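Both backbone and side-chain heavy atoms feed into the values below; hydrogens, waters and symmetry mates do not. Numbering of residues begins at 1 and proceeds along the displayed sequence.
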Amino acid sequence: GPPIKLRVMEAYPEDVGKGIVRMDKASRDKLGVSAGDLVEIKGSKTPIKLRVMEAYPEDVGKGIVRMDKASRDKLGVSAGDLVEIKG
Ligand SMILES: [Cl-]
Ligand SMILES: [Cl-]
Ligand SMILES: [Cl-]
């Protein structure tokens, strides 16, 4: 559906090495996606796809997505950057 911009932040250690993105309900609902769906994320390198998982309560309403450093490096983005996401 429509793309949205979200601030990428580092995965909690619990989630390092899972090909996932933690996204909150407002973000998922704007994108039209569910947990388990793949989303495409754009950065300075070529885009990647990650699997949506429900945000942690600590992060709800903050406009962020969490993904691990391997994902950010593959995207050519840093923690704190805005990234474009699309379902
Ligand atoms: Cl998982
Ligand atoms: Cl959520
Ligand atoms: Cl590189």
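- The side chain to side chain donor-acceptor pair (under 3.5 Å) test applied to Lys74 returns no partner, not counting sequence neighbours.
- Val83 belongs to a hydrophobic cluster whose other members, connected by ILVMFWY side-chain contacts under 4.5 Å either directly or through intermediates, are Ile4, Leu6, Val8, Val21, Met23, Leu31, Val33, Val39, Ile41, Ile48, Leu50, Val52, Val65, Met67, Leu75, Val77, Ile85.
- Here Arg28 pairs with nothing under the salt bridge (charged side-chain N to carboxylate O under 4.0 Å, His left out) rule; sequence neighbours left out.
- Applying the 4.5 Å side-chain rule to ILVMFWY residues, one finds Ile64 in the same cluster as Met9.
- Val60 forms part of no hydrophobic cluster, judged by ILVMFWY side-chain heavy-atom separations under 4.5 Å.
- Judged as a side chain to side chain donor-acceptor pair (under 3.5 Å), and not counting sequence neighbours, the contacts of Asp73 are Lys69.
- Residue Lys5 qualifies as open at atom NZ: its count of foreign heavy atoms under 6.0 Å is 12 or below.
- In terms of heavy atoms, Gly76 sits closest to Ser44 at O-OG, 2.7 Å.
- By the 4.0 Å N-to-carboxylate-O rule, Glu14 lies too far from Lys18 to be salt-bridged with it.
- Summarising the geometry, atom CZ belonging to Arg66 is positioned 10.5 Å from atom CZ belonging to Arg22; distances are rounded to the nearest 0.5 Å.
- In terms of modelled atom types and a separation under 3.5 Å, the side chain of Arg7 and the main chain of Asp81 share no donor-acceptor contact.
- No side-chain heavy atom of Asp68 sits less than 4.5 Å from a side-chain heavy atom of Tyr12.
- The environment of CD in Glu54 is sparse: at most 12 heavy-atom neighbours from other residues, nucleotides or ligands sit within 6.0 Å.
- With a 6.0 Å radius and a threshold of 12 heavy atoms from other residues, nucleotides or ligands, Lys45 has its NZ atom above the threshold.
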